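Novice: Below you will find the structure I want to go over with you.
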Amino acid sequence: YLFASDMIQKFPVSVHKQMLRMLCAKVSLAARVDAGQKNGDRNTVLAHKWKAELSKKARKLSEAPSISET
RNA sequence: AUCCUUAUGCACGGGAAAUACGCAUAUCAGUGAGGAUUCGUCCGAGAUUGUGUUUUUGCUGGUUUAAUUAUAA
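For the first sequence, position 64 (counting from the first letter as 1) is numbered 347 according to the deposited numbering, and the numbering increases by one without interruption.
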C-alpha cells in the first residue's frame, strides 16, 4: 500500500527501491508517535521534519554526480 | 593457587592473495545501509561519489701477481 503513495511515485523510477526502505522507517516511527500521543490532544511537527528529510534526501538521490576533471 | 572462555597487543612456526589494498575540510547511514522469502515474513552495516597505486613496495647477492742477491776476473 505504501509503494502507491505520493512520496514515492512522484520521483523518478531509479529512486523507488531506496525510498521504500527510507519511507517505511519514517512511517513506523510516525506510528510509534501515534501510540504515545494522548487521545485528547494529537499533534504533528515530527512528520514535518520527516517529510523534509525524505523529500530533500530524495532530491539528493536524484541529483547525480558532479562532473569530473579529466 | 591451578584450569577454562571472549576480546585486544606483541610474536616463533604454517598457508593464501595483491583486480588487490588503501585515501577524502565529501554525501548519506541502527532515528535502518544493503539484501533475502516458502509471501506469513526473514536477515542487520555499509552504500554512493572522487581518487592513488595495482604484470606490482623496499632491500640485497651473483654473473657481463710482493724483494732480492750470489760468480772464477
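Ideal Cβ positions, reconstructed from N, Cα and C, are used throughout, including at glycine.
Given a threshold of 16 other Cβ atoms within 10 Å of its Cβ, counted over all protein chains shown, does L306 qualify as buried or as exposed?
Specialist: On the first sequence, position 23 is the one that residue 306 refers to. Buried is the call here.
Novice: State the Cα-Cα distance for the pair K332 and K309, rounded to the nearest angstrom.
Specialist: For the purposes of this step, residue 332 is taken as the residue at position 49 of the first sequence. For the purposes of this step, residue 309 is taken as the residue at position 26 of the first sequence. Taking the straight line joining both Cα atoms gives about 10 Å.
Novice: What is the rounded straight-line gap between the Cα of residue 234 and the Cα of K343?
Specialist: Since the displayed the chain opens at 284 and closes at 353, residue 234 lies outside it and no answer follows.
Novice: Go to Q320, then tell me how far its alpha helix (DSSP H) extends in each direction, as first and last residue.
Specialist: Position 37 of the first sequence, counted from the first residue, corresponds to residue 320. Segment: none, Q320 is in no alpha helix (DSSP H) and carries neither H nor E.
Novice: Would you report the Cα separation of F294 and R325, rounded to the nearest angstrom?
Specialist: Residue 294 sits at position 11 when you count from the first residue of the first sequence. Residue 325 sits at position 42 when you count from the first residue of the first sequence. Taking the straight line from one Cα to the other gives about 30 Å.
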